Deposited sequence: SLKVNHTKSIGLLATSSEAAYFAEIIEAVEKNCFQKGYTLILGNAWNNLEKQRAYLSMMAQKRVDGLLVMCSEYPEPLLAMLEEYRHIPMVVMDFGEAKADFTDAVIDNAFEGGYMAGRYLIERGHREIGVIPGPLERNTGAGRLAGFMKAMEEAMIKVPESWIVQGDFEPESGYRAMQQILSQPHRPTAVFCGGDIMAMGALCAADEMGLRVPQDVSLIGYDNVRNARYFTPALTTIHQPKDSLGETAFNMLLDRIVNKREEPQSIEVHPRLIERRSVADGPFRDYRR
């Protein structure tokens, strides 16, 4: 029949691939999709909420960065209509289905991979997460110092990755490897390096995060961490139906794990002078 979808940003970096999968599933199961897209404003979501209760939608699905009292209270009134509140992060014992992405585990692997490969002078282009924390613990264990000037934030978009890579690489002393907190951002990092005349991985190694579909088709093929994006969505979908048909009122836990995908963007570092 019909299902609503109250997001924060369909055309967003992190959430992007998830909604798509949701879309393809409805269509597959010949459903009607009522897309809502607020932007962190109690009114708008309030509207998208009531308007959805109006169309007598057969199931609600929420995806929000935050979940404040106002929001959660609102998500309470409309508790007559089935729903799924994807809570990315803090397992708050409220009633929202929290997803465990093991971001920290991912940041750690990237960090460890570079170390094992022989790099000690590393750079980071973070987003605006647990990833950073994990990458930082591996550097801690290895006693690697990370110059502040070697850390530049991006916005998940290519151009931000472009400018961050430029600034890091344009210093008297630069790193031999760089960890990028998002594949799309790495595309921009890859472009800036080449435009500066640097070779990858020859002159600079690089590892991203997410493992988007086109990642294997970058130049060169990008070594990155695979975060199951179009799997977490097919799950929430299935969870929704069950929640309505089998009438499964009880909540669930959507947990996943990262995995390193080795390709051609990383080379041996100067410090392979210890262990084979």
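Where the deposited sequence has no C-alpha coordinates (positions from 1, in order): Unmodelled stretches: 1 to 7, 136 to 141.
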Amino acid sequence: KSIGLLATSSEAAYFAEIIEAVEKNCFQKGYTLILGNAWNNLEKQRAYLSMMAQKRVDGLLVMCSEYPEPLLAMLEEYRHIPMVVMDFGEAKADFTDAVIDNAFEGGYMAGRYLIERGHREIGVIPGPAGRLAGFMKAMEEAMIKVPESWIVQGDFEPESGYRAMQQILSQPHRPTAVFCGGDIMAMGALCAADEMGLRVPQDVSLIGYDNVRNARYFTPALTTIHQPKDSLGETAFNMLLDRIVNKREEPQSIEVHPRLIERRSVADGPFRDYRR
From here on, numbers count along this sequence of modelled residues.
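Between the two ranges 85 to 93 and 184 to 192, the one averaging a larger CA B factor in the entry: Averaged over C-alpha atoms, the B-factors run higher in 85 to 93.
Is the mean CA B factor in the deposited entry higher across 211 to 219 or across 25 to 33? Result: 25 to 33.
Options 76, 116, 141, 159 - largest CA temperature factor per the record: Result of the comparison over 76, 116, 141, 159: 76.
Per the entry's values, where does residue 62 land by CA temperature factor relative to the rest of its chain, in the lowest, middle or highest third? Within its chain, residue 62 is a middle-third residue by C-alpha B-factor, going by the deposited values.
In terms of the CA temperature factor given in the entry, to which third of its chain does residue 239 belong: lowest, middle or highest? Middle third.
Could you say whether, by C-alpha temperature factor, residue 198 belongs to the lowest, middle or highest third of its chain? According to the entry, residue 198 has a C-alpha B-factor in the chain's middle third.
Please rank the C-alpha B-factors of the chain's modelled residues and tell me whether residue 100 sits in the lowest, middle or highest third. Answer is middle: the recorded C-alpha B-factor places it there.
Chain-wide C-alpha B factor ranking for residue 80, given as lowest, middle or highest third: Highest third, going by the recorded CA B-factors of the chain.
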